[PDB]
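**Q**
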Ligand SMILES: *[C@@H]1O[C@H](CO)[C@@H](O[C@@H]2O[C@H](CO)[C@@H](O[C@@H]3O[C@H](CO[C@H]4O[C@H](CO)[C@@H](O)[C@H](O)[C@@H]4O)[C@@H](O)[C@H](O[C@H]4O[C@H](CO)[C@@H](O)[C@H](O)[C@@H]4O)[C@@H]3O)[C@H](O)[C@H]2NC(C)=O)[C@H](O)[C@H]1NC(C)=O
Ligand SMILES: *[C@@H]1O[C@H](CO)[C@@H](O[C@@H]2O[C@H](CO)[C@@H](O)[C@H](O)[C@H]2NC(C)=O)[C@H](O)[C@H]1NC(C)=O
Ligand SMILES: *[C@@H]1O[C@H](CO)[C@@H](O[C@@H]2O[C@H](CO)[C@@H](O)[C@H](O)[C@H]2NC(C)=O)[C@H](O)[C@H]1NC(C)=O
Ligand SMILES: *[C@@H]1O[C@H](CO)[C@@H](O)[C@H](O)[C@H]1NC(C)=O
Ligand SMILES: *[C@@H]1O[C@H](CO)[C@@H](O)[C@H](O)[C@H]1NC(C)=O
Ligand SMILES: *[C@@H]1O[C@H](CO)[C@@H](O)[C@H](O)[C@H]1NC(C)=O
């Protein structure tokens, strides 16, 4: 009946801790030696076979809002972007009055100036390059949004954020293509994966596994609709900090991939004007062919069902006997008001009014509408304005100019999630709930993937009472 | 696999008795990973302190500290030899008032430590380390025995082969 | 017969020089504010420091050759350098500065009472982020920040302009000094003298060790040590060579003297844009009468304080001695006039009413007591503001401080004095003189680090014993 | 009982029983024991992008890691890697301070005894290195 | 490192003479020695600060330490963390080599020896630690 | 029975790539004021280095496939990046320069010297820190660093000003090369091929090993190799593919040739303050007249050394082929003119005289005799001076050398050549046309890291034995 401490190295005991994660991406990118991605350049290779064990009989508590991974991932992507644009030309010298004459395409009225009118502004200006004593008059086919009327004059515009921020042009060579990034924990640490088929933002996650490396979390930054992300399993899942609270954002994860065909159907000849010693400012030379409106194609039926599905879950989350309004964003940052995301290296400010507009009766028919022909289903095209000057999402002092991508641009992203925002607005006799689209927080975008991951440390050493005792005998012979 | 698992299995379960194996595997996985990492750093050689570079560097240091600290304790406790090591320190009812069957067959390792954490320090950081210090002293204090050394020398004088000759006669 | 016995963990330490790290209090974290000294970067301070005492020990100390002083000298200046590194450079700001006597054209507020000239309302045509736009803008520069130019009664310019850059201090960063705990890496330790009186260099009977220094506020002050540590029931005087004059004389006080300092000016902030995403902050309008900055000091307290110091100095330079407290002869305003930072605002005070004392050796030394507060006018120190500040060891690299919106209130604790013995021929009359000193971040560091020294711990040890390695 | 360096003034004998106290804090350090911090910085976050202090803390860490390792490596060369108090077969030398064990362990403190042996130390270390060579050689003959 | 491998790799036998028992401890000894010399240097200058060379030395220090650990970790996996030359219970799968033990030790150099085994060398290591477990499981039955 | 036994420290290495740390005596750290290629960082070299000779060891060394050359190149470039990072930039100085008054006295001064206005009393309406006030100043700029504009016989600018940023190097920083010992970390080793002459790639008979490389000077030169190493008993020609014409021909000499070089002028070092805390450095008149920089080569020694190289070239392409040392083909001046740095000052020396010799195997030559020891033994190299150095790899990132005060004198040790074989139509004529080359600093490092090869150290080793783990078997 005598127990003595017996130290065991390798006991299966762990503790919720935080550690410096390291990136691990496929080596193929290193072999291609493109090294144009704003990350992955020095990112180590990934274990060909992911190593995961089943934590059976285990019940770990998981909290998305308290997942330090999201905070770290946020800092990582923020720095990676800064790192990439750190050594690239700035548009600080380009800060002059811009004589923005409308594109000669206005002379070609055709049909409402072809696709769009005033979207592109052939602006001219006086610049001082490496030669300071000598000034130079140059023209740049800038788009709208990037220009702001200044003197209230007809052809008097200026680069947006000329004084509010320092416009830095991202090096044209660099490529803004998110490639599967796998965050990995160092030895003595382990990412816990909420394996539960369905899991609310916070709470004990039953079905649970673990990984030493996150799945390929593409650092895709997109507003409202989450493109190219992790699809929900079987059931669309809505996650909020405080659903009843309005300020809080609402993370809706779609179970099915709504493929979106976005393209920039304009053949573009890119130009470059030298501004500063060994510094060249890239702009657009000419829009060869009729100027057409950039647009994205999405099956109404698919989206109609997707809005039907989410609506049901929103009803389950709140009052199943309440009305539900998908009103469009109530103003705010252009990114928040209109779906935005990167495609081919150009950010597409695309309208999403058509997407978020339909409403639903608590007792309305809940059937999945089928297609009624190519013309019947058609596609939800979106008026898109390309804003090259892109400001930081959480800082005003920093803004980045975007090099024009020469030639036709086209992408095929999968819609995998949607950020919404509940607004009670004193619903008359309640029985109503508005869910305008949300976005603008990169963290929110990262949570959509780390929703299951949870970093924990490991403690192999362990002591326990055992009838056995250390034998005081020391002499080998006696 | 890099993972011990078997956390849910309560202490004493065949898995908890076969932990040694999974631990030998893990200790090995550490090299399988370290060697892999080293091989790459030899090829890519992008150890440049980049955004990921610094991360990799911090990560490398953390792993070393983890391995070193756990081994240091083992060494001071006189347990550097193998994972499992019985010690001479008896358990106090204050540390726990449960039968071995309870503390084991009934408690999982995670659950167990949780209760002992309140005493974990006094158990090993103090008494256990002291035990070894006293043992070490007694060792050399017993190595000054003159007759023992002379008899021990006699053993090396024949290198304990005389007994083998007896076996040869047998 | 004996055999070497390897003893691991022997309690033996040796003087060493190593890098140290700061461990700021976790309360600073909670505040969630950007400190210039990166108090947030500093690791959390261990709740209770371990001050294990080394009994039966007599460790010698050398405060004048301590590495930590030099190491921190660099650490504090680097912290400032990296803090103001990414801030507006105020480079284009310098141009032609046409100025007026006061922001008030006449006695609009208090021209008569207001120190005429202290405003020097200078106007200038600066270029905004738009390269093709020039704008006339006005600003207020205390005489200490404007130099007459072209000998034009109204033409002036920034003081350290032409010579070096004057980057404005990033406005978000706070300059509130937070206690800092320099901690030794594992395998290293800091030894602390507990002796109630310590010369600074020599043996120590009460010696303790700490893995972490006590909290030290990195305050930079001249002719004075503010918010510093206190001696023990005795003012202590330390100098590498007391019989030498140049060697600045460090004094640690046993009693703290309160110093209330404030800016009685309600000021506003004007963000003149100078460059894309670069906003220069200046004072827009002062709301009300203009009152010069000052500091309140007790007569008796300061009197009693000097008395004790004077005695210590006679005990240092022969009993029979007359300690004459003179002021600084001349040199950089930094070391001529007592200067200190207050709520993100530099203050140059004329401590003439703190360093004016002859005191005959044969005089009443009875501790002066307060009889009537009305009669005991709290010494008021004439204080001004030098917004542009300059590095102490470097001619170039000057820095600007953005104005703070509103009146500022400070109340630090006098805790030390820096002095410079001058061997005037009058010494033949035993009239010892100790002019105020300063001008060296190191002198301030030596005052707070005298009791600490860092030693590497060597756990490896050998010893002879009758025990022998047995093969069997 | 005694603190980290509590046996500093204690005789070599008394201090010999407290060796573990120091050995326990050779690698154990506040920065290393931080693990997860109650601060936005997580495991030194990212060295705060190599801050003035981030470097210091990083550097200070490597010195604790290399130093402890160096000390172990030594004991490892001397064979008694895991052991704390070892027993060498190196015969003692009279020149190394002709003193009786009573004075050494009941009077001289480790700090004092070291200062004396400092003059002749590295030599002893080499004598152990070659003694293990002889030991390994002898053991090899037995293995054969 | 002064006498770093003072004697070059001869026939594994001639190399496995006193040379191995000595050079090994001398090599590891001088390795620590030169590492200790670096400690005095960085203590004397303290100029190593994220410089082209400062980053080089910092990464080099980390490399050496982690490469030392991997070697020692491996010794630990097959309970050989004590003696530099530890025997195992694993027999030699003739597939690894048919070479006469004499030749292996009389007409073969370590440099050549490892290559023909570079394929199995890793396979062997796994058997070495797997057996260590078999032996421990047996020790776990010897109840000692 | 055979039981595998683990052996620690088995003498086995493997070609590896490892980060190398510079090790210099740092004897210049005491002179903290003086900084050179980060001398302070370089940890002091071991006072007693020992080369362990690898007896009965043969190894292959690929002087070209040598990672060290690559690392040195990256470290050398990064060193310059760090040195120029905090230094000033001539961005605002790229103004229209009214370059006139080539020289004060176009009569007695330049007179016969081929000066023809090398320096120019160039004046320019540039601003200063005052910003508001704009002042015109005059500074002598070398015709080499200046480029004419509008051909108005007046408007001029800096050769790279419009297309490249010029960063003024900090004057306090010296550019004297110091011995840098590239030391490998523990667990790694640098093999040393000790054959008398090494083809550059192949099995090496004599092989040794070093913990650190021998002192290697960071010398950057073109068409020549200065303060370098010497060959063994014989000039050695080294190339990746000699029979290929493009591959640069690396030659290493067995003996050294003194190259007395000096700028024989007393120069006043005028400095111009432009921009807050920014000061440009230039020349304030030349004290006295202008003497053209020149280099002294032993006429006979050179004749002999060239003959030695020629004989080896015969041994490389058949004696039948005549060795024709032609002058540089053409291209950037850096390569066209043997250009090096003297005492922190960059030279540009015409090398036509040193490369104008046809060594026809069919012509008899009994070496050369310096009977006229006094005179007629100094091939005076017409040396020009340049201050604006362009990055050897990129178009941008140029650097200005602040003028040095007084006469700049030096004496290096020619220790080899960098040559270029030409695909001429005279291949049938058998006339190996070899012309001097340069512009690739990697070659400079190869010429010194040729005898080194970094390899990993794997101490752990396995070996079958007749012994078994019986000791631990019983527990
Ligand atoms: C570096 O050193 C070399 C060697 O000294 C100098 O060049 C050689 O100089 C010698 C004279 O000292 C030259 O000799 C002359 O060559 C003529 C050409 O024929 C050559 O080839 C035939 C092949 O059958 C040989 O038989 C013959 O000997 C030569 O090698 C000969 O026609 C000359 O013959 C005689 O007549 C002349 C006068 O016409 C006399 O001066 C001679 O003494 C002799 O009686 C003679 O042999 C030799 O050709 C040179 N070689 C080259 C490569 O040009 C370099 O000039 C020197 N460089 C410098 C810069 O100093
Ligand atoms: C065992 O060793 C013997 C000796 O090396 C091997 O026999 C040799 O086989 C090779 C290759 O075909 C021949 O070139 C030799 O002539 C053989 N020598 C002798 C002495 O017979 C044999 O193959 C080995 N067996 C295995 C399977 O390892
Ligand atoms: C230098 O020595 C190498 C050998 O180390 C010679 O290279 C071999 O030459 C033969 C015949 O010329 C070839 O078939 C081989 O392929 C070559 N390489 C090897 C590795 O054997 C070489 O000819 C010598 N000379 C030069 C200029 O390289
Ligand atoms: C102080 O000195 C004065 C003058 O001698 C004397 O009258 C008085 O009693 C003394 N005591 C006090 C008030 O300290
Ligand atoms: C530059 O321009 C100013 C203003 O016209 C003039 O005074 C000055 O002489 C000019 N300098 C040169 C070099 O022409
Ligand atoms: C070169 O060509 C000549 C022709 O005269 C021939 O005699 C000689 O052998 C060839 N090769 C050598 C070794 O020079």
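Protein chains in written order, with the entry's author numbering: chain A, 32 to 146, 150 to 309, 312 to 321, 321A, 322 to 395, 395A, 396 to 464, 464A, 465 to 511; chain B, 520 to 689; chain E, 33 to 146, 150 to 309, 312 to 321, 321A, 322 to 395, 395A, 396 to 464, 464A, 465 to 506; chain F, 519 to 662; chain D, 519 to 662; chain C, 33 to 146, 150 to 309, 312 to 321, 321A, 322 to 395, 395A, 396 to 464, 464A, 465 to 509. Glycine included, each C-beta is placed from N, C-alpha and C at the ideal position.
Across which residues does DSSP place residue 160(E) in a beta bridge pair?
**A** Answer by DSSP bridge pairing, in chain order: 171(E).
**Q** Output yes if chain D places a C-beta closer than 8 Å to the C-beta of residue 486(C); else output no.
**A** No, no contact with chain D.
**Q** Can you pull out the residues from the region 494-506 of chain A whose beta carbon lies closer than 9 Å to at least one beta carbon of chain B?
**A** Listed by position along the chain: 494, 495, 496, 497, 498, 499, 500, 501, 502, 503, 504 and 505.
**Q** In angstroms, rounded to a whole number, what distance separates the CA positions of residue 79(A) and residue 56(A)?
**A** Their backbone Cα atoms lie some 10 Å apart in a straight line.
**Q** Flag residue 668(B) as yes if its beta-carbon sits less than 8 Å from any beta-carbon of chain E, otherwise no.
**A** With 8 Å as the cut-off, residue 668(B) counts as an interface residue toward chain E.
**Q** Does the Cβ-Cβ distance between residue 379(E) and residue 439(E) come in under 8 Å?
**A** The answer is yes: Cβ separation under 8 Å.
**Q** Run down chain F in chain order and give the residues with a C-beta less than 8 Å from the C-beta of residue 110(A).
**A** Neighbours of residue 110(A) on chain F, chain order: 564 and 567.
**Q** Tell me the DSSP secondary structure of residue 597(D) in three-state form.
**A** Three-state DSSP puts residue 597(D) in coil, outside helix and strand.
**Q** Taking 5 Å as the limit, tell me which residues put their C-beta closer than that to any heavy atom of ligand 5, in chain order.
**A** Here the list is 130(C), 158(C), 160(C) and 171(C).
**Q** With 8 Å set as the bound, which would you pick, yes or no: does the beta-carbon of residue 558(F) sit closer than that to a beta-carbon of chain A?
**A** Yes, because at least one Cβ of chain A sits closer than 8 Å to the Cβ of residue 558(F).
**Q** Could you pull out every residue in the same chain whose Cβ sits closer than 8 Å to the Cβ of residue 595(B), ignoring the five residues on either side in sequence?
**A** Excluding positions up to five away in sequence, the list reads 648 and 651.
**Q** Tell me where the alpha helix (DSSP H) around residue 685(B) begins and ends.
**A** Taken as a continuous stretch (DSSP letters only), the alpha helix (DSSP H) holding residue 685(B) covers 681-688.
**Q** Give the single residue among 247(C), 356(C), 470(C) and 58(C) whose Cα lies nearest to the Cα of residue 397(C).
**A** Taking only the C-alpha atoms, the option nearest residue 397(C) is 356(C).
**Q** Check residue 420(A) in the structure and name its three-state DSSP category.
**A** Looking at residue 420(A) - three-state DSSP - the assignment turns out to be strand.
**Q** Can you check whether the C-beta of residue 600(F) is within less than 8 Å of a C-beta belonging to chain B?
**A** Yes, residue 600(F) counts as interfacial toward chain B.
**Q** How many whole angstroms separate the CB atoms of residue 48(A) and residue 490(A), which I take to be in contact at a CB cut-off of 8 Å?
**A** Between residue 490(A) and residue 48(A) the Cβ distance is about 3 Å, and since that is below 8 Å, they are a contact.
**Q** Residue 561(B) versus chain C: which residues are under 9 Å apart at the beta carbon?
**A** Near residue 561(B) (Cβ distances below 9 Å), the residues of chain C are 48, 49, 50 and 490.
**Q** Taking the alpha carbon of residue 323(E) as the reference point, which residue from 255(E), 129(E), 441(E) and 408(E) has its own alpha carbon closest?
**A** Among 255(E), 129(E), 441(E) and 408(E), the Cα nearest to that of residue 323(E) belongs to 441(E).
**Q** Below 7 Å between beta carbons is the criterion; list the residues of the region 86-111 of chain A that meet it against any residue of chain B, in chain order.
**A** Under the 7 Å Cβ criterion, the region 86-111 of chain A contributes 86, 87, 88, 89, 107, 110 and 111.
**Q** Determine the DSSP secondary structure at residue 307(C), reduced to helix, strand or coil.
**A** Reduced to three states, the DSSP call for residue 307(C) is strand.
**Q** Taking the alpha-carbon positions, what's the residue 465(E) to residue 348(E) distance?
**A** Straight-line Cα distance between these residues: approximately 15 Å.
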